[PDB]
Amino acid sequence: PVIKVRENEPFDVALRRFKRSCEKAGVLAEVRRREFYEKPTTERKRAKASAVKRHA
Amino acid sequence: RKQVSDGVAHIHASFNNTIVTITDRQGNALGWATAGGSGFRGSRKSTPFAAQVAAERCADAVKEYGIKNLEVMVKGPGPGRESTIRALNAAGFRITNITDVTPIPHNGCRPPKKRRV
Amino acid sequence: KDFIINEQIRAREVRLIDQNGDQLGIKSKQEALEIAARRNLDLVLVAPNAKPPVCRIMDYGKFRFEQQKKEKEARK
Amino acid sequence: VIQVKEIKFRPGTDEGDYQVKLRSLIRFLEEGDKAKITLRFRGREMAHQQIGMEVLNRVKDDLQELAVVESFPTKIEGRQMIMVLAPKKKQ
Amino acid sequence: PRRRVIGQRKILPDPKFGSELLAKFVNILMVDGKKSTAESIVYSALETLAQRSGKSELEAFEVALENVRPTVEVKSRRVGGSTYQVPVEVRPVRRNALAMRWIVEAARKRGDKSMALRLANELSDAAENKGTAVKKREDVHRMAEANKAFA
RNA sequence: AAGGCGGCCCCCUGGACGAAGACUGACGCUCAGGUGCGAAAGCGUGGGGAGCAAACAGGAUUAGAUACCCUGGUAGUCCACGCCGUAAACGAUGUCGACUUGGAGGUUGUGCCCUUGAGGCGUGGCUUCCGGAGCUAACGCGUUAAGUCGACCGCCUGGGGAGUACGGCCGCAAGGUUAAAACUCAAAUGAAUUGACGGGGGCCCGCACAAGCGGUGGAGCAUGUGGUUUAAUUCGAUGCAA
RNA sequence: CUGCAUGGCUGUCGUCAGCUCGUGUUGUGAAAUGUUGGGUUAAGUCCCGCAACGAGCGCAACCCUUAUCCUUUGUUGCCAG
RNA sequence: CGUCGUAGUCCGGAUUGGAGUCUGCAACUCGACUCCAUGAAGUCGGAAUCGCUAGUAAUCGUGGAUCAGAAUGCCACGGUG
RNA sequence: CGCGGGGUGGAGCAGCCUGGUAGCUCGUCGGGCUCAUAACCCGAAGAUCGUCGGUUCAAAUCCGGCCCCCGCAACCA
């Protein structure tokens with residue numbers, strides 16, 4: 001998520017863009033995911049569970 | 001003592017703390033301030049407000065060179081990712097570019113165990 | 001052990017000793033802070049109750065690390 | 001200086017459990033603290049004739065090497081009795 | 001307020017100036033339902049502040065209130081065993097209430113001879129943005145800017 | 001096949017599936033004993049060693065804290081060649097074959113259609129979620145059966161004792177495999193039900209928290225209780241609910 | 001004396017939203033459904049949905065009081081002309 | 001309206017001395033109240049903790065039951081709010 | 001006459017060469033958490049810093065005596 005402010009665009013709008021670029025890019029989610037070791041069995045467990053919830 | 005007018009704000013925002021460093025394009029350190037060393041400890045150290053005064057204190061130990069434009073390099077997930085950037089812009093700074101540079105391994109090193117608190 | 005440094009110091013004037021032991025005399029806290037800054041060192045209040053309070057110019061982090069190192073090593 | 005740290009020896013703390021934390025209590029003393037034993041009887045102002053002074057006395061007697069005790073107190077205050085233990089004093 | 005949201009009682013305006021705002025003020029200064037004696041102290045303080053400080057009684061009030069008004073604050077919160085401090089942007093109506101409330105409280109915690117003189121000197125101090133009440137706004141911001149990361 | 005297998009490229013190699021037709025001619029299914037494979041940890045020799053981390057040390061927490069948290073950190077985790085042969089090694093469901101209504105998807109072949117659109121109509125392999133009859137103690141399973149049948153194998157016979165002892169075989173070791181009895185109990189167990197409970201989970205309420213205003217905890221006195229005292233300080237009320 | 005033999009009375013979760021029955025249906029059975037769901041209510045309140053259809057206790061209503069008014073009655077209450 | 005002018009005070013009233021009132025056969029142990037004198041602690045209370053969502057909280061008086069006499073408790077009443 | 005290290009609150013310490021209201025632990029008494037207790041948490045009590053003379057602005061910490069405890073020492077058949 002690289003951003004370049006355009007002319008006569010307020011610092012705020014550019015910022016809001018930037019934060020949404022990272023929301024889009026999944027940075028913090030990604031960093032959260034890797035802060036700590038997850039066992040393979042555990043991430044397979046996570047994967048099934050979300051497949052399941054993704055039925056409405 | 002010297003002149004730059006064109007810089008880059010590298011902000012390291014970890015969960016426990018947020019270090020702000022101002023630099024030229026070359027990557028040479030012009031000035032720095034941290035939250036933990038601006039009168040904030042533990043529970044207060046890890047706040048956006050502490051990161052803000054860090055950005056403020058840093059803009060005072062750099063305007064000796066009279067920077068006038070800069071880019072921002074946001075690293076890490078903590079507070080002061082964003083609030084630090086704000087303080088810079090209000091301190092009298094034109095923001096050219098914003099970039100997240102938080103490192104992402106392509107799954108390399110095994111991280112520490114989960115904390116069972 | 002712990003000393004207050006730099007802006008934590010409240011004394012209006014202090015007697016200043018530099019990193020090499022040179023007695024710089026009585027200086028305003030402001031001037032003492034300037035001298036420390038130009039040398040990229042810290043202004044450390046080593047004698048809070050002296051008259052006037054005594055400050056030494058030194059690298060506080062390096063000093064503190066060595067002190068803790070010393071204590072730890074001598075006990076293990 | 002010499003700090004006060006503490007250990008406890010409850011009833012049902014025998015050899016097993018006990019001298020493991022006589023090891024813990026060495027540790028306290030051996031930091032150079034004055035290690036205060038607190039008994040905590042299932043009991044009263046005279047709980048025991050057993051609970052306390054087996055334990056306490058054998059804690060002294062085992063630790064006697066490194067530590068000695070200030071007093072063998074045997075005056076309980078409440079439902080609990082402090083035996084006070086210190087570094088063994090250099091004369 | 002688990003389920004039932006509500007409106008708010010829309011108190012009568014100040015009898016003398018016809019200001020709802022000053023009605024929020026006399027009430028906040030009021031104690032033991034002594035309305036009669038509460039507005040007496042607010043006016044004499046406004047009269048003391050008005051007479052000998054450039055007049056414009058309502059405006060004088062605002063100059064002082066403008067200064068203790070807080071733009072942001074923190075709301076305590078307990079997540080994963082942790083008491084995090086989340087800085088919240090606070091709404092205009094309450095902004096006045098905190099502003100008024102800290103001015104009143106700083107006035108009673110004062111050395112002067114009566115509440116009216118105290119109130120007057122608190123407003124004056126606030127008008128020049130100094131004293132306890134302004135300082136209450138600043139701690140709120142120092143505390144807020146610190147936890148800027150978690151907004 | 002199971003264990004398990006994930007950056008990209010090449011080389012060597014196993015299996016599966018489809019289309020068409022030719023060939024062999026029941027050459028098939030199952031399998032005690034036997035043989036081979038078989039996560040992780042562990043073992044032996046020699047390499048390798050960033051990160052992680054049993055052990056261990058130090059800092060904290062705590063009544064204690066040989067833990068949970070923090071700062072370090074050895075074996076190990078990695079490679080080669082050997083060993084070990086065990087897991088909730090699980091679908092807790094042996095293998096093979098035949099038969100029995102349906103709906104929505106995923107994946108992967110293949111025949112047809114102005115290919116005239118990212119399609120239209122068929123036909124195989126695997127797979128996910130529902131569900132019909134039937135089955136089932138119920139939960140649930142339901143053409144990938146736990147339905148309807150047949151062929152062959154393995155295994156069970158109340159709980160504890162015990163996957164223990166003894167013997168045999170196996171292993172450098174740790175240990176594995178086969179596998180009892182005395183003794184003791186009238187239970188142990190499965191699924192589901194109504195409550196109660198939760199610092200297991202979800203949803204939701206109450207001045208429960210949050211937002212506020214005023215208090216109690218300090219002081220003096222009133223008052224009740226405990227305790228202590230007394231000849232007696234009469235009996236009762238004692239967590240929220242004295 | 002025993003509230004650890006009792007009647008009567010009372011606290012309490014808590015004015016919390018619960019507790020049940022007949023017939024029907026499901027399960028070999030204990031039992032289930034109804035009263036598993038989606039909304040919304042102070043509420044098992046109500047509405048849709050529903051192998052259940054209905055019903056009873058509790059919720060609510062009927063009771064006291066308070067807020068506006070009308071008729072009746074004016075003494076010891078009242079005093080507009 | 002006047003006074004006190006931030007003080008251990010013209011704040012606070014505990015405690016004690018002296019002298020009295022009334023109830024009641026009887027106020028030593030132990031009643032309530034009055035007059036004079038006395039003028040403690042207390043300058044807003046650590047850890048912790050309670051009540052209250054509106055005519056409520058807070059604050060101000062008023063009455064009753066029990067009762068010869070003995071309310072800061074209890075039950076009830078309205079004022080400001 | 002003979003060495004060591006210490007004397008601070010009920011017990012044990014820190015504050016030391018770096019001389020300006022003595023703070024930190026266990027106990028003590030309360031409060032909080034719990035249905036309750038243990039445990040834990042918020043707190044208050046608690047002192048000539050051994051005792052004196054020196055010495056100083058003010059010395060806990062500054063020196064030396066009196067004195068006490070321990071240390072090993074000395075009685076180690």
# chains A, B, ... in the order shown; residues from 1 in each chain; ligands from 1
$ closest_atom_pairs --of "chain D" --to "chain I" --cutoff "8 Å" --atoms "only C-alpha atoms (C1' of nucleotides)" --output "Markdown table"
| residue | atom | partner | partner_atom | distance |
| --- | --- | --- | --- | --- |
| D:1 | CA | I:13 | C1' | 5.0 |
| D:2 | CA | I:13 | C1' | 3.7 |
| D:3 | CA | I:13 | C1' | 4.0 |
| D:4 | CA | I:25 | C1' | 4.2 |
| D:5 | CA | I:25 | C1' | 5.7 |
| D:6 | CA | I:26 | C1' | 5.9 |
| D:33 | CA | I:13 | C1' | 7.5 |
| D:34 | CA | I:12 | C1' | 5.0 |
| D:35 | CA | I:12 | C1' | 7.5 |
| D:36 | CA | I:26 | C1' | 5.7 |
| D:82 | CA | I:27 | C1' | 7.0 |
| D:84 | CA | I:11 | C1' | 6.4 |
| D:85 | CA | I:12 | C1' | 7.7 |
| D:86 | CA | I:12 | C1' | 6.5 |
| D:88 | CA | I:70 | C1' | 7.3 |
| D:89 | CA | I:70 | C1' | 3.8 |
| D:90 | CA | I:71 | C1' | 2.4 |
| D:91 | CA | I:71 | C1' | 3.2 |
$ residues_around --residues "residue 100 in chain E" --least-positions-apart "6" --cutoff "8 Å" --atoms "only C-alpha atoms (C1' of nucleotides)" --output "PDB file with N, CA and C atoms, in the first residue's frame"
ATOM      1  N   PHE E  25     -25.789  25.610  33.582  1.00  0.00           N
ATOM      2  CA  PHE E  25     -24.705  26.037  34.454  1.00  0.00           C
ATOM      3  C   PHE E  25     -25.171  26.205  35.908  1.00  0.00           C
ATOM      4  N   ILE E  28     -25.754  22.915  37.419  1.00  0.00           N
ATOM      5  CA  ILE E  28     -24.501  22.225  37.700  1.00  0.00           C
ATOM      6  C   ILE E  28     -23.854  22.794  38.957  1.00  0.00           C
ATOM      7  N   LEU E  65     -15.472  29.490  28.377  1.00  0.00           N
ATOM      8  CA  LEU E  65     -15.920  28.133  28.103  1.00  0.00           C
ATOM      9  C   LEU E  65     -15.220  27.574  26.869  1.00  0.00           C
ATOM     10  N   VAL E  68     -12.026  25.728  28.070  1.00  0.00           N
ATOM     11  CA  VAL E  68     -12.071  24.462  28.812  1.00  0.00           C
ATOM     12  C   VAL E  68     -12.821  23.376  28.042  1.00  0.00           C
TER      13      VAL E  68
END
$ closest_atom_pairs --of "chain F" --to "chain A" --cutoff "12 Å" --atoms "only C-alpha atoms (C1' of nucleotides)" --output "JSON lines"
{"residue": "F:39", "atom": "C1'", "partner": "A:41", "partner_atom": "CA", "distance": 11.9}
{"residue": "F:51", "atom": "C1'", "partner": "A:37", "partner_atom": "CA", "distance": 11.4}
{"residue": "F:52", "atom": "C1'", "partner": "A:37", "partner_atom": "CA", "distance": 9.0}
{"residue": "F:105", "atom": "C1'", "partner": "A:55", "partner_atom": "CA", "distance": 11.6}
{"residue": "F:128", "atom": "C1'", "partner": "A:51", "partner_atom": "CA", "distance": 10.3}
{"residue": "F:129", "atom": "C1'", "partner": "A:55", "partner_atom": "CA", "distance": 8.8}
{"residue": "F:130", "atom": "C1'", "partner": "A:55", "partner_atom": "CA", "distance": 11.6}
$ residues_around --residues "residue 3 in chain A" --least-positions-apart "3" --cutoff "12 Å" --atoms "only C-alpha atoms (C1' of nucleotides)" --output "PDB file with N, CA and C atoms, in the first residue's frame"
ATOM      1  N   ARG A   6      -2.056  13.864  -4.208  1.00  0.00           N
ATOM      2  CA  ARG A   6      -2.254  14.661  -5.411  1.00  0.00           C
ATOM      3  C   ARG A   6      -2.489  16.120  -5.015  1.00  0.00           C
ATOM      4  N   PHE A  11      -4.427  16.746   3.453  1.00  0.00           N
ATOM      5  CA  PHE A  11      -3.647  15.693   4.111  1.00  0.00           C
ATOM      6  C   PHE A  11      -4.536  14.594   4.679  1.00  0.00           C
ATOM      7  N   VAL A  13      -7.606  13.518   3.423  1.00  0.00           N
ATOM      8  CA  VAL A  13      -8.197  12.653   2.401  1.00  0.00           C
ATOM      9  C   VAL A  13      -7.160  11.613   1.998  1.00  0.00           C
ATOM     10  N   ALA A  14      -5.942  12.087   1.753  1.00  0.00           N
ATOM     11  CA  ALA A  14      -4.832  11.205   1.407  1.00  0.00           C
ATOM     12  C   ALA A  14      -4.605  10.142   2.471  1.00  0.00           C
ATOM     13  N   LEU A  15      -4.794  10.535   3.726  1.00  0.00           N
ATOM     14  CA  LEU A  15      -4.581   9.637   4.858  1.00  0.00           C
ATOM     15  C   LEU A  15      -5.659   8.556   4.868  1.00  0.00           C
ATOM     16  N   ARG A  16      -6.905   8.998   4.733  1.00  0.00           N
ATOM     17  CA  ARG A  16      -8.058   8.106   4.691  1.00  0.00           C
ATOM     18  C   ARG A  16      -7.881   7.082   3.581  1.00  0.00           C
ATOM     19  N   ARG A  17      -7.396   7.556   2.434  1.00  0.00           N
ATOM     20  CA  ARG A  17      -6.983   6.669   1.355  1.00  0.00           C
ATOM     21  C   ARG A  17      -5.992   5.653   1.894  1.00  0.00           C
ATOM     22  N   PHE A  18      -4.897   6.151   2.466  1.00  0.00           N
ATOM     23  CA  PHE A  18      -3.845   5.258   2.946  1.00  0.00           C
ATOM     24  C   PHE A  18      -4.398   4.216   3.900  1.00  0.00           C
ATOM     25  N   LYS A  19      -5.272   4.618   4.817  1.00  0.00           N
ATOM     26  CA  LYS A  19      -5.738   3.649   5.797  1.00  0.00           C
ATOM     27  C   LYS A  19      -6.612   2.609   5.104  1.00  0.00           C
ATOM     28  N   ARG A  20      -7.304   3.019   4.047  1.00  0.00           N
ATOM     29  CA  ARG A  20      -8.158   2.070   3.354  1.00  0.00           C
ATOM     30  C   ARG A  20      -7.339   1.179   2.422  1.00  0.00           C
ATOM     31  N   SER A  21      -6.186   1.671   1.970  1.00  0.00           N
ATOM     32  CA  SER A  21      -5.274   0.845   1.186  1.00  0.00           C
ATOM     33  C   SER A  21      -4.740  -0.308   2.030  1.00  0.00           C
ATOM     34  N   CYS A  22      -4.504  -0.044   3.318  1.00  0.00           N
ATOM     35  CA  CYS A  22      -4.015  -1.068   4.246  1.00  0.00           C
ATOM     36  C   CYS A  22      -5.152  -1.981   4.706  1.00  0.00           C
TER      37      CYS A  22
ATOM     38  N   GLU B  71       8.146  12.333   3.088  1.00  0.00           N
ATOM     39  CA  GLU B  71       7.378  11.115   2.887  1.00  0.00           C
ATOM     40  C   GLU B  71       7.318  10.365   4.208  1.00  0.00           C
ATOM     41  N   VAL B  72       6.306   9.517   4.354  1.00  0.00           N
ATOM     42  CA  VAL B  72       6.098   8.777   5.590  1.00  0.00           C
ATOM     43  C   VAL B  72       6.202   7.277   5.346  1.00  0.00           C
ATOM     44  N   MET B  73       6.916   6.599   6.234  1.00  0.00           N
ATOM     45  CA  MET B  73       7.127   5.159   6.136  1.00  0.00           C
ATOM     46  C   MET B  73       6.586   4.462   7.384  1.00  0.00           C
ATOM     47  N   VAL B  74       5.379   3.912   7.281  1.00  0.00           N
ATOM     48  CA  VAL B  74       4.729   3.291   8.434  1.00  0.00           C
ATOM     49  C   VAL B  74       5.061   1.807   8.544  1.00  0.00           C
ATOM     50  N   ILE B  95       3.038  16.614   3.529  1.00  0.00           N
ATOM     51  CA  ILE B  95       3.172  15.175   3.326  1.00  0.00           C
ATOM     52  C   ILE B  95       3.050  14.840   1.845  1.00  0.00           C
ATOM     53  N   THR B  96       4.134  14.287   1.305  1.00  0.00           N
ATOM     54  CA  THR B  96       4.211  13.975  -0.113  1.00  0.00           C
ATOM     55  C   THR B  96       3.590  12.613  -0.361  1.00  0.00           C
ATOM     56  N   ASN B  97       4.111  11.621   0.349  1.00  0.00           N
ATOM     57  CA  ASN B  97       3.725  10.230   0.145  1.00  0.00           C
ATOM     58  C   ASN B  97       3.577   9.471   1.451  1.00  0.00           C
ATOM     59  N   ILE B  98       2.603   8.567   1.487  1.00  0.00           N
ATOM     60  CA  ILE B  98       2.452   7.651   2.608  1.00  0.00           C
ATOM     61  C   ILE B  98       2.588   6.219   2.104  1.00  0.00           C
ATOM     62  N   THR B  99       3.399   5.446   2.817  1.00  0.00           N
ATOM     63  CA  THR B  99       3.733   4.083   2.425  1.00  0.00           C
ATOM     64  C   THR B  99       3.821   3.202   3.657  1.00  0.00           C
ATOM     65  N   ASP B 100       3.142   2.062   3.623  1.00  0.00           N
ATOM     66  CA  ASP B 100       3.349   1.034   4.641  1.00  0.00           C
ATOM     67  C   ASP B 100       4.469   0.101   4.187  1.00  0.00           C
ATOM     68  N   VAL B 101       5.441  -0.108   5.074  1.00  0.00           N
ATOM     69  CA  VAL B 101       6.626  -0.919   4.790  1.00  0.00           C
ATOM     70  C   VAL B 101       6.790  -2.041   5.813  1.00  0.00           C
TER      71      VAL B 101
END
$ residues_around --residues "residue 9 in chain E" --least-positions-apart "5" --cutoff "12 Å" --atoms "only C-alpha atoms (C1' of nucleotides)" --output "count of residues only"
4
